[PDB]
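Only one chain comes next, encoded as structure tokens, the form deposited in one PDB entry.
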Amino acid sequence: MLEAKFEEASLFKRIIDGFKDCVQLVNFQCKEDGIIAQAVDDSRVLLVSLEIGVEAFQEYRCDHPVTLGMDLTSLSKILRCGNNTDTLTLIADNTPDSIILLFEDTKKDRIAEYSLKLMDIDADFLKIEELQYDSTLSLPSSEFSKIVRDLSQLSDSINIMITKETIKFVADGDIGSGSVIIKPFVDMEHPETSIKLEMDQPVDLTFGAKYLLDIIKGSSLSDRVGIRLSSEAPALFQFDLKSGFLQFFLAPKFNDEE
């Protein structure tokens, strides 16, 4: 069973836009403590992991863990109906064939009620995140977006190099090249702008501009993105929600991978 309704349909429409783009399907599933989901591009280098806590729903009941996959573009079309304030109510029975998305106006005039035929995925969820990542930084999300779009002009691969007290994005391509370089610092004038960074061992990872571009669409969800990198493992970029989060595990380039 499943019955969950958000206050503002925007929140759910915001989140889904965050990965609607980098993955073809998403296998959603509700647990007693909230909703979670996961997706992997066909290119098999990008993993999307989502969690919306109960804390984010005005009503929520998942009395029996219903797993349900579905095409994202199809889900986005149904979410276009959005109304970003008028109540969105996910509804899905015990063993569903389609999830019913129900929007209702502030009164009872509009019964916008869509049903989206679910997909069929042979659920193989992955737990690849790890305990210790070589380096860990965070920074204003939009600062990060700029850097990622910018450098992706020059090259198809952005290189993220982290050394002691120095974070350096560098794109080197054909027309030329360029590199943004930032340093950790505080700002109690609005601490959520200060660049936090710990580095257990300096790291140098190169990723695909393509994918990174997708990963920054989660910026419309948080004030600060957090990036953790590991030499022997996909880097974990994350954006926090009011209860829950949205994380993208991107596999660093071998020479391919991106």
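One rule holds for the numbers: they count along the sequence shown, beginning at 1. Rigid core: the largest C-alpha set superposing within 1.5 Å between the two forms.
Colleague: Look over 233-241 and 11-19 in the entry and identify the one with the greater average Cα temperature factor.
Modeller: Taking the mean B-factor of the alpha carbons in each, 11-19 is higher.
Colleague: Which has higher Cα B-factors on average according to the PDB entry: 193-201 or 206-214?
Modeller: Of 193-201 and 206-214, the stretch with the higher C-alpha B-factor average is 193-201.
Colleague: Quick one: which of 143, 150, 109, 124 has the biggest Cα B-factor according to the entry?
Modeller: Of the candidates given, the C-alpha B-factor peaks at 109.
Colleague: Just grab whichever of 67, 220, 49, 58 has the top CA B-factor as deposited.
Modeller: That would be 58, according to the entry.
Colleague: Among all modelled residues of this chain, ranked by Cα B factor, put residue 115 in the bottom, middle or top third, i.e. lowest, middle or highest.
Modeller: Middle third - that is where residue 115 ends up once the chain's C-alpha B-factors are sorted.
Colleague: Among the chain's modelled residues, which third holds the C-alpha B-factor of residue 62?
Modeller: Highest third.
Colleague: Among the modelled residues of this chain, does the Cα B factor of residue 138 put it in the lowest, middle or highest third?
Modeller: Its C-alpha B-factor, which the entry lists for residue 138, ranks in the middle third among residues of this chain.
Colleague: Would you mind ranking residue 2 by its C-alpha B-factor against the rest of the chain and naming the third, lowest, middle or highest?
Modeller: Answer is middle: the recorded C-alpha B-factor places it there.
Colleague: Tell me, lowest, middle or highest third: where does the Cα B factor of residue 179 rank within its chain?
Modeller: For residue 179, the deposited C-alpha B-factor lands in the middle third.
Just so you know, the form solved in complex with a partner chain exists too; it's not on screen, but the next bit is about it.
Colleague: With the cut-off set at 4.5 Å between non-hydrogen atoms, does residue 43 touch the partner chain in the deposited bound form?
Modeller: Residue 43 belongs to the contact set for the partner chain.
Colleague: So in the deposited bound form, does any heavy atom of residue 250 sit within 4.5 Å of the partner chain?
Modeller: Yes, residue 250 is a contact residue.
Colleague: Is residue 206 close enough to the partner chain in the deposited bound form to count, meaning some heavy atom within 4.5 Å?
Modeller: Looking in the deposited bound form, residue contacts with the partner chain include residue 206, since a heavy atom lies within 4.5 Å.
Colleague: With the cut-off set at 4.5 Å between non-hydrogen atoms, does residue 66 touch the partner chain in the deposited bound form?
Modeller: No, residue 66 is distant from the partner.
Colleague: Once the two forms are fit on the core, has residue 181 moved its CA by at least 2 Å between the shown form and the other one?
Modeller: No, shifts by less than 2 Å.
Colleague: After the core is overlaid between the shown form and the other one, has the C-alpha of residue 172 moved by 2 angstroms or more?
Modeller: Not so; residue 172 is displaced by less than 2 Å.
Colleague: Rigid core fitted, then: does residue 106 show a CA shift of 2 angstroms or greater between the shown form and the other one?
Modeller: Superposed on the core, residue 106 moves its C-alpha 2 Å or more between the shown form and the other one.
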